[PDB]
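Input: a single structure, listed below in structure tokens.
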Amino acid sequence: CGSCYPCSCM
Ligand SMILES: [Cu+2]
Ligand code: NA
Ligand code: NA
């Protein structure tokens, strides 16, 4: 990250 920080959704 994003809205799943820390990822892997990115
Ligand atoms: Cu992330
Ligand atoms: Na960031
Ligand atoms: Na990813």
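Identifiers in the structure tokens: chain A, B, ... in order shown; residue index from 1 per chain; ligand index from 1 in order shown.
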
Item to complete: Pick out the residues no farther than 8 Å from ligand 2, counting only C-alpha atoms and all ligand atoms, and list them as JSON, numbers by chain.
Response: {"A": [1, 2, 5]}

Discussion item. Ligand 3: which residues are within 6 Å, counting only C-alpha atoms and all ligand atoms? Reply as a PyMOL selection string.
Written reply: chain A and resi 8-10
